[PDB]
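First comes one chain, alone, set out as structure tokens in the form deposited in one PDB entry.
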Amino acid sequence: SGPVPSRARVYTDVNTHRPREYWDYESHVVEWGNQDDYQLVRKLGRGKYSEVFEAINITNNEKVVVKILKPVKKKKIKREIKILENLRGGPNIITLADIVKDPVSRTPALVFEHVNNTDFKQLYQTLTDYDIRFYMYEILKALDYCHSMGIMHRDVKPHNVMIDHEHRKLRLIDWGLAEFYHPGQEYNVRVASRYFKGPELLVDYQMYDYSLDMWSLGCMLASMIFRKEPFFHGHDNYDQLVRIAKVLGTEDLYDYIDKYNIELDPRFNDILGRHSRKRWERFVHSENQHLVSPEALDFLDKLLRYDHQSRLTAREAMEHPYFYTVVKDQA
């Protein structure tokens, strides 16, 4: 007779108190700049819904990044744009600088500030214990901000974090999966990269919230401190939950599904089984030990919970002892 509802613990009603225009993005009319202000220098990457390029703004000679959209429902384009406009100027959020359209193709393109990134496959190996703490704090600033502005990112993962290590500068990018949180709303669970999916997505619980992002942050942290990328390495969406169960154990999994009355896919019946909750030490070794501390593990344990209501908020995470060195240094 149905699954049990959930409300976010924090920033629950923030969009309700706003003018409709703020979250009702289908009514947003898009303000188009001049496509001839930007000349593409070279391709930077691909996506599911985009091709990305370095470009020059010829009026100021500023370097710029251009995300040319593949055909996607116009609703989804207005959402990314609206979300980006709402968040502009927020801490460690990428700045949307312009929106242009090819006058012939009619293909839309988003123009962003350039960050002098160093790709994470090279950067993460160089990273000290202190660096991980510093950049994790920087990410949490962005997440607390967007959550406080009524927005879930829903795609937090290393590819979506730009770090200019030289200037100790971080930007959270790709708001193309992001959505507005409204209490009661049932969301698409076919979101996020497999390795970063929260249990709520994996068991098809739709009434999820900001805390989804905190799970994915936990996945990031785990891979960085344990130097194991990715941390939960499922073969598919089913085996992804099993890879999690083999670590957080099945006891809390079934208490979770019980608490929310979740109709578990029949196909999980075979493969899930019974597994104990492991201790973090099973993942410590001499190569990664210098990154691992009791603080780090305490923090990680409080991100990585099945029950979304029981995970740390961004603000609570920022107040954790793991960050005391960082908070002191920022004053």
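Think of the rigid core as the biggest set of C-alphas that the two forms share within 1.5 Å after superposition. So that there is no doubt, residue numbering starts at 1 and follows the sequence shown.
Student: Mean CA B-factor: is it higher for 266-274 or for 301-309?
Tutor: The stretch with the larger mean CA B-factor is 266-274.
Student: Please work out which of 177-185 and 256-264 has the higher mean CA B-factor as recorded in the PDB entry.
Tutor: The stretch with the larger average C-alpha B-factor is 256-264.
Student: Whose CA atom has the top B-factor in the entry, of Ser105, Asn92, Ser223, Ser148?
Tutor: Within the set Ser105, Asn92, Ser223, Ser148, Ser105 shows the top C-alpha B-factor.
Student: Tell me which of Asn160, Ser216, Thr126, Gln206 tops the list for C-alpha B factor in the record.
Tutor: In this record, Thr126 carries the highest C-alpha B-factor of the candidates.
Student: Lowest, middle or highest third: where is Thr250 by Cα B-factor in its chain?
Tutor: Answer is middle: the recorded C-alpha B-factor places it there.
Student: Using the B-factor values recorded in the entry, state whether the Cα atom of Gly234 falls in the lowest, middle or highest third among the modelled residues of its chain.
Tutor: Middle third, going by the recorded CA B-factors of the chain.
Student: Which third of the chain does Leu40 land in by C-alpha B-factor: lowest, middle or highest?
Tutor: Middle third - that is where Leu40 ends up once the chain's C-alpha B-factors are sorted.
Student: Sort the modelled residues of this chain by their C-alpha B factor and say whether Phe120 lands in the lowest, middle or highest third.
Tutor: CA B-factor rank for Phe120: highest third.
Student: How does the C-alpha B factor of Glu113 compare with the rest of the chain: lowest, middle or highest third?
Tutor: It belongs to the middle third of the chain when residues are ordered by C-alpha B-factor.
In what follows, reference is made to the form deposited in another entry, a form of this protein that is not presented.
Student: With the two forms aligned on the rigid core, which of the residues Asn117, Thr250, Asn237, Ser193 moves its CA by 2 Å or more between the shown form and the other one?
Tutor: Result of the superposition: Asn117 is the only one at 2 Å or more.
Student: Superposing on the rigid core, is the CA of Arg274 displaced by 2 Å or more between the shown form and the other one?
Tutor: No; that C-alpha moves by less than 2 Å between the shown form and the other one.
Student: Does superposing the core leave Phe283 with a CA shift of 2 Å or more between the shown form and the other one?
Tutor: Not so; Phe283 is displaced by less than 2 Å.
Student: Is the CA-CA spacing of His28 and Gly47 tighter or wider in the other entry than here, given a 3 Å or more change?
Tutor: Farther, not closer.
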